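*Asks:* sharing an experimental structure here, sequence included.
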4 protein chains.
Amino acid sequence: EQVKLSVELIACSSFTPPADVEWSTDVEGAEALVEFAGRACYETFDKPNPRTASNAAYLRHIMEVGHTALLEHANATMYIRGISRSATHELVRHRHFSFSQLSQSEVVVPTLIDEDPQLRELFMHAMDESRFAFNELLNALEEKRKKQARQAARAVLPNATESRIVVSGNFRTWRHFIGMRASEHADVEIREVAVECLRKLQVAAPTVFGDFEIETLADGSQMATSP
Amino acid sequence: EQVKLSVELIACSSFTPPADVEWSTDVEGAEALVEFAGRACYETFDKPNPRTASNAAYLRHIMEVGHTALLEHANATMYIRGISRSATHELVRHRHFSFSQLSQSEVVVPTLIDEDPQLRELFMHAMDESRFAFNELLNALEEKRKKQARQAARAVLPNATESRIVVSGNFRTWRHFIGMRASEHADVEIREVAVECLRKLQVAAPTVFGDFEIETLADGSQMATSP
Amino acid sequence: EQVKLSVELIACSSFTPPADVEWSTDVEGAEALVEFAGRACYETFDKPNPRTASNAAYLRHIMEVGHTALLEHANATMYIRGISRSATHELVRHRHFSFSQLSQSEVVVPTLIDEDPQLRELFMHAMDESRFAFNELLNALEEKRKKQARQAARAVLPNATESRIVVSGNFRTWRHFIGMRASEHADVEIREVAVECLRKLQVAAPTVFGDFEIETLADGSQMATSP
Amino acid sequence: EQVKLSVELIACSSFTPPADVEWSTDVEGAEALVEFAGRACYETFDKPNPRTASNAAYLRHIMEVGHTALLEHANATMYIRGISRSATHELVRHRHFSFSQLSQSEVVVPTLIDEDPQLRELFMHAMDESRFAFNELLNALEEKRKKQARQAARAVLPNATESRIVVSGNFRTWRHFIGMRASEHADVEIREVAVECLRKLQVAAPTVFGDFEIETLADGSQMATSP
Ligand SMILES: Cc1cc2nc3c(=O)[nH]c(=O)nc-3n(C[C@H](O)[C@H](O)[C@H](O)COP(=O)(O)OP(=O)(O)OC[C@H]3O[C@@H](n4cnc5c(N)ncnc54)[C@H](O)[C@@H]3O)c2cc1C
Ligand SMILES: Cc1cc2nc3c(=O)[nH]c(=O)nc-3n(C[C@H](O)[C@H](O)[C@H](O)COP(=O)(O)OP(=O)(O)OC[C@H]3O[C@@H](n4cnc5c(N)ncnc54)[C@H](O)[C@@H]3O)c2cc1C
Ligand SMILES: Cc1cc2nc3c(=O)[nH]c(=O)nc-3n(C[C@H](O)[C@H](O)[C@H](O)COP(=O)(O)OP(=O)(O)OC[C@H]3O[C@@H](n4cnc5c(N)ncnc54)[C@H](O)[C@@H]3O)c2cc1C
Ligand SMILES: Cc1cc2nc3c(=O)[nH]c(=O)nc-3n(C[C@H](O)[C@H](O)[C@H](O)COP(=O)(O)OP(=O)(O)OC[C@H]3O[C@@H](n4cnc5c(N)ncnc54)[C@H](O)[C@@H]3O)c2cc1C
């Protein structure tokens, strides 16, 4: 059974200031937190600079001056489904995330194959075959601890096998993931995952992620770049 | 000027489930997130075990079975004031936190000195002296880039100099901090900081941090231990 | 083509003391480094305790007192071949290692399947099938950027596909890997990898890794435990 | 008592290839390791490109193509003395190092103060004063657990108090430390520490660290930059 990518933003930072701090801002949550952490460094809760007085303007300055460490206080959790095991192998290479993965048939078809009906059929026949071989092996094994027979038979399962993964990281880790994977260089499936995560995070925190440019490439696949 | 420790919980995880997941729980936020991440691993959104069906019971099981990695999805940010530079040096040794520290007179008196009026006066006279020496040096320097004269004169400032720090970490990092520092072994000031952070987190997430026992020791200082 | 696990220790720490430190020890390299770092903490280069004067005795004490952070200064690099992609996915979940993996036919047969000639043939026929499907797809694609056709066709490759990986970490990270994976709980393939890494490290640093007990289980698979 | 900065390279990576790999290179140790890890990724042990056949040329290419992750396999340990507690507080902010610090009178004089005999005397009189106050407090305390009286009296010790620290990290972590701290922006004392660490590492691994430019500034303080 063929499944498509699904990215859902399931967690985010909720911010509340200490009451005894003379400071307020034009935004709530993660982006207010980031501003708070910045002002906490220099004791600028009274906003002495008229240029960087607003949240959006404040966060934009943090960026240029390269104080991206401030981004580490804000957090986001994605629940990702419809991602292959091979793309998940790439995703877990990013070591500042925290993961909870589905303990290892639904399958993920590469879009270049999905776009050609005749290749798709050929692909799915190869998937059925893998699954037939898995069952034929698992039954041969269990015949003659039984977690051991399944973990052995799994060896036959394809890269395309769907995984599901909870992934948490701070905004700095997200920006780095997206910067590496959403660029045109990158593997197609992980690029799509990154663009989709970005899209969710551009909604959640428009200024932190605003500098990223989503373009549709000619092949209809999307990409993102930043200065 | 003498200041006391202040710990304020300024950020926490807000959780919202994907609509298309047949699962609900008896709690909101961080602890619901942790449960979600656990069920996501094994696809137990339908709750097949009557023992671990509730959130509190579910999280308690996670603990015993040692799946503490699930705790990494939940986050907490403290704003800490009234903490000495020496205690902050100990705090930043914990490398899975993210920090934003006040860029380096308010001072922190060790409680053993604070409890004796005559020692306290002796301590504060030593603090005034440090501050007199700081100014007398900074003025000698600036006389004959001027960020360089202050950073040189600072060399004379005591360990007791107050710092202020924004500190973020996931629940696993918090549990580890508290486990190491809230134990009787630990330095007094960092122990107090840990107990206070724990107290805030026991309010925020009673089951995750419930297993920690706060005792008052004989000297009136508090401690925390866990099995 | 079937390949077996190969673990090779390709890098280790070389230690040389500063000449101006009045200290010498009965061992060279990594374990001398660890002792040096310990004595550097407390200024015990002159060895005041007759019990913990020797390296082996010194390192054994570090262990009991739980100063395992001293182990972080010593490093080891393994080159691992004959490891499946699924076991490599488990290996890279350990986030304090550094990895360089073979950029993705040689295959790894699970030992439970390898031990039965008839299952093995069935397994290898499933491997040939995967490979036939890979080529038949890659040729269909390239017919009608060409890094994109291979990365799409790979989707069909099994978990068993051999990977090769350079893996570096400090002794603390190694001890943790081995502690989690070499225990009887663990997946068979990753357990074998861990035992083998341990065996190499027990040769390289006998006292650091000496407390780990390698037993052969009844099924002829090996295991390791520690107090 | 006044002490000066001392940086000593006490550990480095020793490399030995697996015998069964048809590959040799024109260098030993850390830089051969880095090349090995690169070739392991792409199976280029036979050197197909005449441009990047030598180690120095190979490592230089790794740099431009931004595969700096290869640098993580190589390790270096410094023993640093004559570093103030305030500079050590900055140093430990770099979270991918491993540290063993002297458990907290020798003092470190800021060079801007050291260069003026009259300021130096003023500084050292402030240091004697801090030390007199420390003893006068510790004796008042111990009069009326005794690790608690010293840790309280320490509160009075200045930033300038000498620390000693064992610091380990991989070449990537070193490059990042040096990149942030050796630049003209940076605090003077931590800049000097970074330049000195660089100087040691330029000897140890000339190609990995060769791109860093050490200039003497007008004030006689040194700096380092890289493209
Ligand atoms: C052109 C290119 C080709 C590559 N080819 C391969 C390949 O064939 N095989 C392969 O295995 N890898 C390859 N890599 C590297 C691999 O893609 C990355 O290592 C992986 O995606 C993890 O990302 P990261 O290294 O940025 O670190 P992450 O784990 O995402 O961490 C983010 C940042 O934190 C820092 N960091 C985290 N941990 C450490 C640490 N232990 N030491 C120092 N700094 C740390 C680094 O600054 C890093 O940039 C390649 C990279 C590039 C650019
Ligand atoms: C009795 C005792 C005495 C000590 N004395 C001294 C002393 O005199 N001087 C001194 O400098 N330190 C000393 N330490 C160690 C020091 O207290 C800790 O290193 C510091 O508090 C950081 O905590 P952590 O090591 O648990 O790691 P954290 O940085 O808090 O990380 C938490 C966990 O993540 C893991 N981790 C993080 N980074 C790495 C990594 N790079 N490699 C492997 N694992 C990692 C470890 O599992 C660690 O437990 C002592 C420790 C003990 C128990
Ligand atoms: C019974 C059991 C079942 C599990 N089931 C699943 C499952 O179904 N799916 C799944 O995805 N995972 C599962 N896990 C967890 C998974 O095996 C581990 O997360 C993975 O092996 C990485 O190991 P580690 O978590 O010890 O951390 P490593 O990355 O190996 O790091 C070593 C140590 O450093 C510290 N550390 C490193 N990074 C951080 C951080 N960001 N925050 C706080 N501390 C950190 C921790 O102390 C950690 O112990 C399970 C674990 C157990 C015990
Ligand atoms: C202009 C400027 C002003 C600053 N002012 C202040 C200040 O007033 N107060 C203050 O406290 N700090 C300040 N900082 C930040 C502080 O200097 C750094 O946070 C500190 O030196 C640690 O360095 P690092 O952040 O590069 O990370 P390191 O800990 O050195 O790690 C190296 C790299 O690994 C990655 N990394 C490691 N851990 C994580 C993580 N948890 N999440 C995501 N990525 C990670 C990052 O890519 C990082 O660049 C300032 C920074 C700049 C540029």
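*Replies:* Nice, I can see it. Residues are numbered from 1 along each chain as shown, chains lettered A, B, ... in the order given. Ligands and ions are numbered 1, 2, ... in the order given.
*Asks:* quick one: contacts for the residue nearest the centre of chain A?
*Replies:* Nearest to the geometric centre of chain A sits residue A:197, at 4.5 Å (C-alpha atoms, centre = their mean). Counting by C-beta atoms under 8 Å, 6 or more residues apart in numbering or on different chains, residue A:197 touches A:7, A:78, A:174, A:177, A:178. For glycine as for every other residue, the C-beta is placed from the backbone atoms N, C-alpha and C.
*Asks:* in helices, which of those fall?
*Replies:* Among the contacts of residue A:197, the members found in helices (DSSP state H) are A:174, A:177, A:178.
*Asks:* between the residues you listed, which is closest to chain C?
*Replies:* residue A:177 (14.1 Å; C-beta to the nearest C-beta).
*Asks:* dump the residue contacts of that closest one.
*Replies:* Taking C-beta under 8 Å, 6+ apart, one finds A:94, A:97, A:169, A:194, A:197 in contact with residue A:177.
*Asks:* need the nearest residue in space to residue A:149, chain neighbours excluded.
*Replies:* residue A:141 (3.8 Å; C-beta to C-beta, 6 or more residues apart in numbering or on different chains).
*Asks:* for the lengthiest helix in chain A, packing partners?
*Replies:* Determined from DSSP H, the single longest helix within chain A is helix A:117-143. Where contact means 3 or more C-beta pairs under 8 Å, 6 or more residues apart in numbering or on different chains; DSSP states H and E, helix A:117-143 is packed against helix A:111-114, helix A:147-153, helix C:111-114, helix C:117-143.
*Asks:* would you list the ones you listed in JSON lines and tack on mean neighbour count and distance to residue C:73?
*Replies:* Output for these, formatted as JSON lines (neighbours: other C-beta atoms under 10 Å in any protein chain shown; distance: least, C-beta to C-beta, whole Å):
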{"stretch": "helix A:111-114", "mean neighbour count": "18", "distance to residue C:73": "47"}
{"stretch": "helix A:147-153", "mean neighbour count": "18", "distance to residue C:73": "36"}
{"stretch": "helix C:111-114", "mean neighbour count": "18", "distance to residue C:73": "36"}
{"stretch": "helix C:117-143", "mean neighbour count": "16", "distance to residue C:73": "43"}
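*Asks:* do a quick rundown of the helices in chain A.
*Replies:* A:30-42, A:55-64, A:85-91, A:111-114, A:117-143, A:147-153, A:171-181, A:188-204, A:206-209.
*Asks:* contacts for the fourth one, please.
*Replies:* Think helix A:111-114. Residues contacting helix A:111-114 (C-beta under 8 Å, 6+ apart): A:2, A:119-120, A:123, A:188-189, A:192, A:221, C:137, C:141, C:148-149, C:152, C:155.
*Asks:* again, only this time at 7 Å
*Replies:* A:119, A:120, A:123, A:188, A:221, C:141, C:148, C:149, C:152 (C-beta atoms under 7 Å, 6 or more residues apart in numbering or on different chains).
*Asks:* using PDB, write out every CA atom in it.
*Replies:* Listed next in PDB are the C-alpha coordinates belonging to helix A:111-114 (Å, rounded to 0.1, in the frame of the first residue of the first chain):
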ATOM      1  CA  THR A 111       8.200  10.800  -6.900                       C
ATOM      2  CA  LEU A 112      10.200  10.200 -10.100                       C
ATOM      3  CA  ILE A 113       8.700   6.700 -10.200                       C
ATOM      4  CA  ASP A 114       5.300   7.800  -8.900                       C
END
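*Asks:* so which bits of stretch A:59-74 are buried?
*Replies:* A:59, A:60, A:62, A:63, A:69, A:70, A:71, A:72, A:73, A:74 (16 or more other C-beta atoms under 10 Å in any protein chain shown).
*Asks:* who in chain A is up against ligand 4?
*Replies:* Within chain A, the positions near ligand 4 by C-beta under 6 Å from any ligand atom are A:41, A:65, A:66, A:67, A:69, A:72, A:96, A:170, A:172, A:173.
*Asks:* distance of residue A:172 relative to ligand 2?
*Replies:* 17 Å (C-beta to the nearest ligand atom, to the nearest Å).
*Asks:* who's in contact with the residue in chain A that ligand 2 sits nearest to?
*Replies:* The nearest approach of chain A to ligand 2 comes at residue A:95, 10.9 Å away (C-beta to the nearest ligand atom). By C-beta under 7 Å, 6+ apart, the residues touching residue A:95 are residue C:95.
*Asks:* interface residues of chain A facing ligand 3?
*Replies:* Near ligand 3, when you scan chain A using C-beta under 6 Å from any ligand atom, you find A:98, A:99, A:100, A:101, A:103.
*Asks:* which of the residues you listed count as buried?
*Replies:* Buried, going by 16+ other C-beta under 10 Å: A:98, A:99, A:100, A:101, out of those.
*Asks:* against residue A:53, how distant is the closest residue to residue A:56 other than its chain neighbours?
*Replies:* Of all residues not flanking residue A:56 in the chain, residue A:207 sits nearest, at 4.7 Å (C-beta to C-beta, 6+ apart). To residue A:53, residue A:207 is 14 Å away according to C-beta to C-beta, to the nearest Å.
*Asks:* check residue A:223 too.
*Replies:* 34 Å.
*Asks:* if we can go back for a sec, between the contacts of residue A:197, which is closest to residue D:12?
*Replies:* Residue D:12 has its nearest neighbour among these in residue A:177, at 32.3 Å by C-beta to C-beta.
*Asks:* circling back: more neighbours: residue A:207 and residue A:53, which one.
*Replies:* residue A:207 (20 against 13; other C-beta atoms under 10 Å in any protein chain shown).
*Asks:* quick one, what contacts that one?
*Replies:* Per C-beta under 7 Å, 6+ apart, neighbours of residue A:207: A:31, A:56, A:59, A:60.
*Asks:* how many other residues sit next to the second one?
*Replies:* If you count neighbours by other C-beta under 10 Å, residue A:56 ends up with 17.
*Asks:* check the gap between it and chain B for me.
*Replies:* 19 Å (C-beta to the nearest C-beta, to the nearest Å).
*Asks:* next, work out how far apart that residue and residue B:22 are.
*Replies:* 39 Å.
*Asks:* and if you look at residue A:147?
*Replies:* 27 Å.
*Asks:* who in chain A is up against chain C?
*Replies:* Neighbours of chain C within chain A, by C-beta under 7 Å from any C-beta of the partner chain: A:84, A:86, A:89, A:92-93, A:95, A:110, A:112-113, A:119, A:122-123, A:126, A:129-130, A:133, A:136-137, A:140-141, A:148-149, A:151-152, A:154-160, A:187-188.
*Asks:* show me what contacts residue A:27?
*Replies:* residue A:55.
*Asks:* recalculate using a threshold of 8 Å.
*Replies:* By C-beta under 8 Å, 6+ apart, the neighbours of residue A:27 are A:35, A:55, A:56.
*Asks:* rewinding a little: among the buried ones among the residues of chain A next to ligand 3, which one sits closest to chain C?
*Replies:* residue A:99 (7.3 Å).
*Asks:* return the set of residues that bridge with the closest one.
*Replies:* residue A:167 (DSSP bridges).
*Asks:* dump the residue contacts of it.
*Replies:* A:91, A:92, A:165, A:166, A:167, A:168, C:93.
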